[PDB]
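Pasted below: coords.txt, compact mmCIF, C-alpha atoms.
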# COMPACT_ATOMS: atom_id res chain seq x y z
CA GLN A 282 0.29 -36.81 -23.01
CA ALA A 283 -3.48 -37.33 -23.16
CA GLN A 284 -3.35 -41.14 -23.17
CA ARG A 285 -0.70 -41.04 -20.42
CA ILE A 286 -2.94 -39.35 -17.83
CA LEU A 287 -5.95 -41.32 -19.11
CA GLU A 288 -4.54 -44.78 -18.39
CA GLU A 289 -3.02 -43.50 -15.13
CA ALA A 290 -6.41 -42.71 -13.58
CA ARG A 291 -7.99 -45.81 -15.17
CA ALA A 292 -5.65 -47.97 -13.07
CA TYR A 293 -6.78 -46.47 -9.75
CA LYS A 294 -10.40 -47.05 -10.80
CA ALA A 295 -9.62 -50.67 -11.69
CA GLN A 296 -7.80 -51.22 -8.38
CA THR A 297 -10.81 -49.97 -6.39
CA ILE A 298 -13.20 -52.27 -8.28
CA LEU A 299 -10.87 -55.25 -7.83
CA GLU A 300 -10.30 -54.45 -4.15
CA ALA A 301 -14.04 -53.94 -3.63
CA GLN A 302 -14.86 -57.27 -5.31
CA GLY A 303 -12.43 -59.19 -3.10
CA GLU A 304 -13.78 -57.67 0.11
CA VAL A 305 -17.35 -58.33 -1.06
CA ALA A 306 -16.50 -61.97 -1.81
CA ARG A 307 -14.97 -62.41 1.65
CA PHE A 308 -18.00 -60.98 3.45
CA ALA A 309 -20.28 -63.05 1.18
CA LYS A 310 -18.98 -66.53 2.05
CA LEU A 311 -18.78 -65.52 5.73
CA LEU A 312 -22.37 -64.24 6.02
CA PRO A 313 -24.05 -67.71 5.95
CA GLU A 314 -21.63 -68.96 8.61
CA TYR A 315 -22.59 -66.10 10.94
CA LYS A 316 -26.30 -66.77 10.40
CA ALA A 317 -25.75 -70.43 11.29
CA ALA A 318 -24.09 -69.67 14.66
CA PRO A 319 -24.40 -65.93 15.42
CA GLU A 320 -23.52 -66.10 19.11
CA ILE A 321 -20.53 -68.42 18.63
CA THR A 322 -19.13 -66.36 15.74
CA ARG A 323 -19.70 -63.10 17.64
CA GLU A 324 -17.82 -64.36 20.71
CA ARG A 325 -14.91 -65.76 18.67
CA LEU A 326 -14.41 -62.63 16.54
CA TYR A 327 -14.97 -60.40 19.59
CA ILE A 328 -12.30 -62.16 21.66
CA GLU A 329 -9.92 -62.54 18.70
CA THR A 330 -10.13 -58.81 17.99
CA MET A 331 -9.96 -57.85 21.68
CA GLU A 332 -6.81 -59.89 22.33
CA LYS A 333 -5.08 -58.21 19.38
CA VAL A 334 -5.83 -54.63 20.42
CA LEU A 335 -5.11 -55.13 24.13
CA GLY A 336 -1.98 -57.07 23.15
CA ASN A 337 -0.15 -53.82 22.32
CA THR A 338 -1.87 -50.84 23.98
CA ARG A 339 -0.80 -50.35 27.59
CA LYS A 340 -3.46 -50.70 30.29
CA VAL A 341 -4.04 -49.42 33.81
CA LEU A 342 -6.72 -51.78 35.25
CA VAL A 343 -7.65 -49.32 38.04
CA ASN A 344 -10.91 -49.38 39.98
CA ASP A 345 -13.80 -47.05 39.18
CA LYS A 346 -15.59 -44.50 41.46
CA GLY A 347 -12.48 -42.25 41.61
CA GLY A 348 -12.30 -39.44 39.05
CA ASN A 349 -8.63 -38.39 38.95
CA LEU A 350 -5.78 -39.03 36.48
CA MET A 351 -2.78 -37.40 34.77
CA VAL A 352 -2.57 -37.94 30.99
CA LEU A 353 1.02 -36.60 31.01
CA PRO A 354 1.39 -36.13 27.23
CA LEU A 355 4.35 -34.77 25.27
CA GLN B 263 31.14 7.84 -6.43
CA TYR B 264 28.24 7.48 -3.98
CA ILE B 265 26.03 9.43 -6.40
CA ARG B 266 27.12 7.29 -9.36
CA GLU B 267 26.71 4.14 -7.26
CA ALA B 268 23.29 5.27 -6.02
CA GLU B 269 22.14 5.86 -9.61
CA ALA B 270 23.11 2.28 -10.52
CA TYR B 271 21.16 0.90 -7.54
CA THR B 272 18.03 2.91 -8.42
CA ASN B 273 18.32 2.03 -12.11
CA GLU B 274 19.08 -1.65 -11.35
CA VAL B 275 16.10 -2.30 -9.04
CA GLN B 276 13.63 -0.70 -11.52
CA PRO B 277 13.59 -3.53 -14.14
CA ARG B 278 13.86 -6.00 -11.24
CA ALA B 279 10.44 -5.00 -9.90
CA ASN B 280 8.81 -5.16 -13.36
CA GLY B 281 9.77 -8.83 -13.66
CA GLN B 282 8.59 -9.56 -10.12
CA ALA B 283 5.28 -7.84 -10.88
CA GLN B 284 4.56 -9.93 -13.99
CA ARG B 285 5.23 -13.10 -11.99
CA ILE B 286 2.73 -12.05 -9.29
CA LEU B 287 0.05 -11.42 -11.94
CA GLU B 288 0.82 -14.71 -13.70
CA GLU B 289 0.71 -16.60 -10.39
CA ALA B 290 -2.76 -15.17 -9.72
CA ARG B 291 -4.02 -16.37 -13.12
CA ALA B 292 -2.65 -19.86 -12.39
CA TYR B 293 -4.48 -19.94 -9.04
CA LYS B 294 -7.73 -18.79 -10.68
CA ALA B 295 -7.41 -21.31 -13.52
CA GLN B 296 -6.31 -24.12 -11.20
CA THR B 297 -9.09 -23.33 -8.71
CA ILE B 298 -11.78 -23.46 -11.41
CA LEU B 299 -10.45 -26.77 -12.76
CA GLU B 300 -10.26 -28.27 -9.25
CA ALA B 301 -13.95 -27.46 -8.68
CA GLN B 302 -15.05 -29.27 -11.86
CA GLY B 303 -13.25 -32.47 -10.85
CA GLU B 304 -14.52 -32.40 -7.26
CA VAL B 305 -18.05 -31.48 -8.41
CA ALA B 306 -18.10 -34.34 -10.94
CA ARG B 307 -17.01 -36.78 -8.21
CA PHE B 308 -19.78 -35.57 -5.89
CA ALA B 309 -22.38 -35.88 -8.67
CA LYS B 310 -21.43 -39.49 -9.45
CA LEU B 311 -21.49 -40.45 -5.76
CA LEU B 312 -24.85 -38.74 -5.07
CA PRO B 313 -27.19 -41.33 -6.71
CA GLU B 314 -25.38 -44.16 -4.90
CA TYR B 315 -26.07 -42.50 -1.53
CA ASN C 225 35.75 9.34 -14.19
CA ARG C 226 32.59 10.85 -15.69
CA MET C 227 32.92 8.94 -18.97
CA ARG C 228 33.44 5.65 -17.12
CA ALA C 229 30.36 6.20 -14.94
CA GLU C 230 27.96 7.09 -17.77
CA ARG C 231 29.25 4.22 -19.93
CA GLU C 232 29.12 1.78 -17.01
CA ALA C 233 25.56 2.90 -16.23
CA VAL C 234 24.38 2.32 -19.82
CA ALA C 235 26.09 -1.09 -19.73
CA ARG C 236 24.33 -2.13 -16.51
CA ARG C 237 21.10 -0.69 -17.93
CA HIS C 238 21.40 -2.81 -21.08
CA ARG C 239 22.21 -5.84 -18.94
CA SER C 240 19.21 -5.21 -16.66
CA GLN C 241 16.68 -4.81 -19.51
CA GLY C 242 17.49 -8.35 -20.64
CA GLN C 243 17.06 -9.66 -17.08
CA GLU C 244 13.42 -8.54 -16.82
CA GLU C 245 12.54 -10.10 -20.19
CA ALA C 246 14.04 -13.37 -18.91
CA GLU C 247 11.87 -13.34 -15.77
CA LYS C 248 8.79 -12.46 -17.85
CA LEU C 249 9.35 -15.43 -20.16
CA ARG C 250 10.13 -17.58 -17.11
CA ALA C 251 6.81 -16.66 -15.47
CA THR C 252 4.94 -17.41 -18.70
CA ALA C 253 6.37 -20.95 -18.68
CA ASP C 254 5.17 -21.47 -15.08
CA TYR C 255 1.58 -20.55 -15.98
CA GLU C 256 1.33 -22.94 -18.94
CA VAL C 257 2.88 -25.91 -17.08
CA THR C 258 0.46 -25.38 -14.18
CA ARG C 259 -2.47 -25.21 -16.62
CA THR C 260 -1.57 -28.60 -18.09
CA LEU C 261 -0.98 -30.05 -14.60
CA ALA C 262 -4.39 -28.82 -13.45
CA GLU C 263 -5.99 -30.01 -16.71
CA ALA C 264 -4.64 -33.51 -16.03
CA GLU C 265 -5.84 -33.40 -12.42
CA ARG C 266 -9.36 -32.62 -13.67
CA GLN C 267 -9.46 -35.68 -15.94
CA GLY C 268 -8.13 -37.79 -13.07
CA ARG C 269 -10.88 -36.84 -10.62
CA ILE C 270 -13.52 -37.60 -13.29
CA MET C 271 -12.21 -41.14 -13.69
CA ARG C 272 -11.33 -41.42 -9.99
CA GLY C 273 -14.96 -40.64 -9.17
CA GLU C 274 -16.44 -43.27 -11.49
CA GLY C 275 -14.31 -45.79 -9.58
CA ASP C 276 -15.66 -45.21 -6.08
CA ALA C 277 -19.11 -44.44 -7.50
CA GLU C 278 -19.13 -47.80 -9.30
CA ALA C 279 -17.82 -49.64 -6.23
CA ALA C 280 -20.35 -47.90 -3.97
CA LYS C 281 -23.13 -49.95 -5.57
CA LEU C 282 -21.23 -53.18 -4.84
CA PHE C 283 -20.77 -52.26 -1.18
CA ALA C 284 -24.40 -51.14 -0.82
CA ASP C 285 -26.22 -54.08 -2.43
CA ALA C 286 -23.80 -56.61 -0.94
CA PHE C 287 -23.86 -55.29 2.64
CA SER C 288 -27.59 -54.42 2.43
CA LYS C 289 -28.36 -58.03 3.47
CA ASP C 290 -27.34 -57.55 7.12
CA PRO C 291 -26.18 -54.05 8.18
CA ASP C 292 -25.73 -54.91 11.87
CA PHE C 293 -23.51 -57.87 11.00
CA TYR C 294 -21.43 -55.84 8.53
CA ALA C 295 -21.05 -53.13 11.19
CA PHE C 296 -19.64 -55.71 13.62
CA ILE C 297 -17.05 -57.18 11.22
CA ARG C 298 -15.95 -53.78 9.89
CA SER C 299 -15.93 -51.99 13.27
CA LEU C 300 -13.72 -54.71 14.76
CA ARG C 301 -11.15 -54.35 11.94
CA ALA C 302 -11.02 -50.57 12.52
CA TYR C 303 -10.03 -51.04 16.18
CA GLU C 304 -7.14 -53.38 15.28
CA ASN C 305 -5.83 -50.77 12.82
CA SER C 306 -6.48 -47.74 15.04
CA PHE C 307 -4.82 -49.19 18.16
CA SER C 308 -2.06 -50.94 16.15
CA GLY C 309 0.58 -48.51 17.40
CA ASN C 310 1.80 -48.71 20.99
CA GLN C 311 0.95 -45.07 21.72
CA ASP C 312 -2.30 -45.54 23.71
CA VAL C 313 -3.22 -46.28 27.32
CA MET C 314 -6.53 -48.13 27.81
CA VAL C 315 -7.60 -47.36 31.39
CA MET C 316 -10.18 -50.11 31.85
CA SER C 317 -11.95 -51.14 35.05
CA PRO C 318 -11.89 -54.54 36.82
CA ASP C 319 -15.70 -54.68 36.45
CA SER C 320 -15.40 -54.40 32.63
CA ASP C 321 -17.41 -56.99 30.72
CA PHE C 322 -14.33 -58.30 28.88
CA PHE C 323 -12.86 -59.10 32.33
CA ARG C 324 -16.00 -61.01 33.40
CA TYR C 325 -13.89 -64.20 33.58
CA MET C 326 -11.33 -62.73 36.00
CA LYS C 327 -13.57 -63.04 39.10
CA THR C 328 -13.42 -66.29 41.15
CA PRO C 329 -15.89 -68.86 39.70
As structure tokens, how would this structure be written, given the file I've shared?
Amino acid sequence: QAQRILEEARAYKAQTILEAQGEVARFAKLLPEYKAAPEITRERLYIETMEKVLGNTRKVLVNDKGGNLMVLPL
Amino acid sequence: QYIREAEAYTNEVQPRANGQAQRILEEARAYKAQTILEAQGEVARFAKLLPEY
Amino acid sequence: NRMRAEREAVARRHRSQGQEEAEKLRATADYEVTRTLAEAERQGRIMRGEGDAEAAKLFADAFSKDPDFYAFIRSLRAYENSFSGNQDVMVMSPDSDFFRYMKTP
């Protein structure tokens, strides 16, 4: 009973720590690379991320200066 | 017959309500107890996180 | 018919008295189980707090080297996850910076 719920929570805590460590280690090794070439890394990541998001979400590509639209939700 | 039947109905419902009443009271205690315990946990979490912030 | 009625009434009465005791005992069980469930939930939050509280120091000291850079990496990830589903409509303009290389060189 007692031990049961004790170890149960303890696992979540351990998972967080382990997950945190991994993410930290990834951002660690990558930080010096960014400092070496900030502009090049920024452009690469920026385009890589942008192509992924726009790859799925629909787009209009309509010209500005006209303020009218119909969201048409459901 | 109606009279005899009516008596049964009146008599029958009477212990029925008593049981339902005890449950209500017990449910309130549970809420109170559960609420208090929930606060402790949440409060403890906030306290631990506060120095980090 | 009178004897039947009075006897039948007493019978139903005796049956009904037992029924309320049952419910009373039933409700008592509910309370105690909930108490234990809540008790367990309390111990869980305590430990569940230590987890994120302990990890918060790792995130802070690690990412405290370059906040702007960490904001870039993290913010980009968020977009990919937020727009993952095909339930959005990005009404961009042709003048948009990302479309800077769509105008005749």
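Atom pair CA of residue 304 in chain A / CA of residue 267 in chain C: separated by 27.6 Å.
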(message) I'd like the contact shell of range 227-230 of chain C - 9 Å cut-off, only C-alpha atoms, skipping same-chain residues fewer than 4 positions apart - returned as a ChimeraX atom specification.
(response) /B:263,266-267 /C:234-235
Long-range neighbours of residue 310 in chain C as a PDB file with C-alpha atoms, keeping the file's coordinate frame, 10 Å cut-off, only C-alpha atoms, 3 positions minimum in chain:
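Wrote around.pdb, looks like this:
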ATOM      1  CA  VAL A 334      -5.830 -54.630  20.420  1.00  0.00           C
ATOM      2  CA  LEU A 335      -5.110 -55.130  24.130  1.00  0.00           C
ATOM      3  CA  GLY A 336      -1.980 -57.070  23.150  1.00  0.00           C
ATOM      4  CA  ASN A 337      -0.150 -53.820  22.320  1.00  0.00           C
ATOM      5  CA  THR A 338      -1.870 -50.840  23.980  1.00  0.00           C
ATOM      6  CA  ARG A 339      -0.800 -50.350  27.590  1.00  0.00           C
TER       7      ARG A 339
ATOM      8  CA  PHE C 307      -4.820 -49.190  18.160  1.00  0.00           C
ATOM      9  CA  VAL C 313      -3.220 -46.280  27.320  1.00  0.00           C
TER      10      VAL C 313
END
(message) Report as a PyMOL selection string all protein, DNA and RNA residues lying within 12 Å of residue 268 in chain C, evaluated on all atoms listed in the file, omitting residues in the same chain fewer than 4 positions from it.
(response) (chain A and resi 283-294) or (chain B and resi 299-300+302-304+306-307) or (chain C and resi 261-264+272-275)
(request) Please return, as a list in words, all polymer residues that have at least one atom within 10 Å of the point (-12.1, -55.9, 25.5); use all atoms listed in the file and the file's own coordinate frame. (result) residues 327, 328, 329, 330, 331, 332, 333, 334 and 335 of chain A; 314, 316, 320, 321, 322 and 323 of chain C
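Taking CA of residue 295 in chain C as the reference point, CA of residue 326 in chain A is found at 12.8 Å.
Our summary of the geometry notes that CA of residue 325 in chain A is positioned 22.5 Å from CA of residue 328 in chain C.
Minimum atom-to-atom distance to chain B, evaluated using all atoms listed in the file, belongs to C:266 out of C:253, C:266, C:225, C:291.
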(message) From the options A:342, A:317, A:299, A:306, which residue's atoms come nearest to chain C, counting all atoms listed in the file?
(response) A:342
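Proximity to chain B at a cut-off of 6 Å picks out residues 244, 247, 248, 251, 255, 262, 266, 269, 270, 273 and 277 of chain C on chain C, counting all atoms listed in the file.
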Could you please take those selected residues and save C-alpha atoms as a PDB file, in the frame of the given file?
ATOM      1  CA  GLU C 244      13.420  -8.540 -16.820  1.00  0.00           C
ATOM      2  CA  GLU C 247      11.870 -13.340 -15.770  1.00  0.00           C
ATOM      3  CA  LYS C 248       8.790 -12.460 -17.850  1.00  0.00           C
ATOM      4  CA  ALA C 251       6.810 -16.660 -15.470  1.00  0.00           C
ATOM      5  CA  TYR C 255       1.580 -20.550 -15.980  1.00  0.00           C
ATOM      6  CA  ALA C 262      -4.390 -28.820 -13.450  1.00  0.00           C
ATOM      7  CA  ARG C 266      -9.360 -32.620 -13.670  1.00  0.00           C
ATOM      8  CA  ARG C 269     -10.880 -36.840 -10.620  1.00  0.00           C
ATOM      9  CA  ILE C 270     -13.520 -37.600 -13.290  1.00  0.00           C
ATOM     10  CA  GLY C 273     -14.960 -40.640  -9.170  1.00  0.00           C
ATOM     11  CA  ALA C 277     -19.110 -44.440  -7.500  1.00  0.00           C
TER      12      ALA C 277
END
4 Å per side around range 336-348 of chain A: axis-aligned box centre and edge lengths, as JSON:
{"center_x": -7.9, "center_y": -48.3, "center_z": 32.0, "size_x": 23.4, "size_y": 25.6, "size_z": 27.3}
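Closest approach to chain A among C:278, C:245, C:292, C:254 is made by C:278 (distances from all atoms listed in the file).
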Would you mind putting N, CA and C atoms back on range 326-354 of chain A and writing the result as an mmCIF file, in the coordinates of the input?
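Below you can see out_19.cif, which holds the result:
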data_model
loop_
_atom_site.group_PDB
_atom_site.id
_atom_site.type_symbol
_atom_site.label_atom_id
_atom_site.label_comp_id
_atom_site.auth_asym_id
_atom_site.auth_seq_id
_atom_site.Cartn_x
_atom_site.Cartn_y
_atom_site.Cartn_z
ATOM 1 N N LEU A 326 -14.919 -63.866 17.133
ATOM 2 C CA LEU A 326 -14.410 -62.630 16.540
ATOM 3 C C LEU A 326 -14.161 -61.563 17.597
ATOM 4 N N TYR A 327 -15.110 -61.394 18.522
ATOM 5 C CA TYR A 327 -14.970 -60.400 19.590
ATOM 6 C C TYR A 327 -13.700 -60.633 20.397
ATOM 7 N N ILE A 328 -13.484 -61.866 20.854
ATOM 8 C CA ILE A 328 -12.300 -62.160 21.660
ATOM 9 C C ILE A 328 -11.042 -62.055 20.811
ATOM 10 N N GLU A 329 -11.070 -62.611 19.595
ATOM 11 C CA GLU A 329 -9.920 -62.540 18.700
ATOM 12 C C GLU A 329 -9.486 -61.092 18.483
ATOM 13 N N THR A 330 -10.442 -60.220 18.173
ATOM 14 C CA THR A 330 -10.130 -58.810 17.990
ATOM 15 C C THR A 330 -9.644 -58.176 19.288
ATOM 16 N N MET A 331 -10.325 -58.463 20.403
ATOM 17 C CA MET A 331 -9.960 -57.850 21.680
ATOM 18 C C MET A 331 -8.554 -58.237 22.121
ATOM 19 N N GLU A 332 -8.157 -59.496 21.919
ATOM 20 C CA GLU A 332 -6.810 -59.890 22.330
ATOM 21 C C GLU A 332 -5.742 -59.206 21.496
ATOM 22 N N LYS A 333 -6.053 -58.871 20.242
ATOM 23 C CA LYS A 333 -5.080 -58.210 19.380
ATOM 24 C C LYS A 333 -4.862 -56.764 19.799
ATOM 25 N N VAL A 334 -5.953 -56.030 20.028
ATOM 26 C CA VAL A 334 -5.830 -54.630 20.420
ATOM 27 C C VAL A 334 -5.162 -54.511 21.789
ATOM 28 N N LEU A 335 -5.704 -55.190 22.804
ATOM 29 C CA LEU A 335 -5.110 -55.130 24.130
ATOM 30 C C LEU A 335 -3.699 -55.707 24.174
ATOM 31 N N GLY A 336 -3.312 -56.498 23.170
ATOM 32 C CA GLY A 336 -1.980 -57.070 23.150
ATOM 33 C C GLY A 336 -0.865 -56.047 23.058
ATOM 34 N N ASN A 337 -1.152 -54.868 22.500
ATOM 35 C CA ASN A 337 -0.150 -53.820 22.320
ATOM 36 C C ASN A 337 -0.375 -52.604 23.204
ATOM 37 N N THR A 338 -1.567 -52.012 23.160
ATOM 38 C CA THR A 338 -1.870 -50.840 23.980
ATOM 39 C C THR A 338 -1.681 -51.134 25.466
ATOM 40 N N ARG A 339 -1.001 -50.222 26.154
ATOM 41 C CA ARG A 339 -0.800 -50.350 27.590
ATOM 42 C C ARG A 339 -2.144 -50.204 28.298
ATOM 43 N N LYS A 340 -2.220 -50.740 29.518
ATOM 44 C CA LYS A 340 -3.460 -50.700 30.290
ATOM 45 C C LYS A 340 -3.154 -50.419 31.750
ATOM 46 N N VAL A 341 -4.131 -49.805 32.410
ATOM 47 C CA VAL A 341 -4.040 -49.420 33.810
ATOM 48 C C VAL A 341 -4.702 -50.446 34.728
ATOM 49 N N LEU A 342 -5.966 -50.794 34.455
ATOM 50 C CA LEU A 342 -6.720 -51.780 35.250
ATOM 51 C C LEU A 342 -6.994 -51.255 36.665
ATOM 52 N N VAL A 343 -7.353 -49.973 36.765
ATOM 53 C CA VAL A 343 -7.650 -49.320 38.040
ATOM 54 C C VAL A 343 -9.148 -49.345 38.271
ATOM 55 N N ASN A 344 -9.520 -49.311 39.545
ATOM 56 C CA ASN A 344 -10.910 -49.380 39.980
ATOM 57 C C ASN A 344 -11.631 -48.058 39.762
ATOM 58 N N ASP A 345 -12.916 -48.175 39.440
ATOM 59 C CA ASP A 345 -13.800 -47.050 39.180
ATOM 60 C C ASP A 345 -14.145 -46.366 40.504
ATOM 61 N N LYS A 346 -15.029 -45.372 40.416
ATOM 62 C CA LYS A 346 -15.590 -44.500 41.460
ATOM 63 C C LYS A 346 -14.619 -43.400 41.884
ATOM 64 N N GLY A 347 -13.409 -43.334 41.322
ATOM 65 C CA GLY A 347 -12.480 -42.250 41.610
ATOM 66 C C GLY A 347 -12.132 -41.520 40.333
ATOM 67 N N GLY A 348 -12.544 -40.256 40.233
ATOM 68 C CA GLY A 348 -12.300 -39.440 39.050
ATOM 69 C C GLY A 348 -11.054 -38.584 39.002
ATOM 70 N N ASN A 349 -9.856 -39.172 39.035
ATOM 71 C CA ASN A 349 -8.630 -38.390 38.950
ATOM 72 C C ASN A 349 -7.595 -39.162 38.144
ATOM 73 N N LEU A 350 -6.808 -38.444 37.339
ATOM 74 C CA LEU A 350 -5.780 -39.030 36.480
ATOM 75 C C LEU A 350 -4.899 -37.917 35.938
ATOM 76 N N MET A 351 -3.761 -38.321 35.362
ATOM 77 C CA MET A 351 -2.780 -37.400 34.770
ATOM 78 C C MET A 351 -2.352 -37.990 33.424
ATOM 79 N N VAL A 352 -2.913 -37.462 32.330
ATOM 80 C CA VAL A 352 -2.570 -37.940 30.990
ATOM 81 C C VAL A 352 -1.063 -37.873 30.743
ATOM 82 N N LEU A 353 -0.418 -36.794 31.182
ATOM 83 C CA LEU A 353 1.020 -36.600 31.010
ATOM 84 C C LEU A 353 1.486 -36.790 29.566
ATOM 85 N N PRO A 354 0.990 -35.989 28.628
ATOM 86 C CA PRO A 354 1.390 -36.130 27.230
ATOM 87 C C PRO A 354 2.709 -35.408 26.960
#
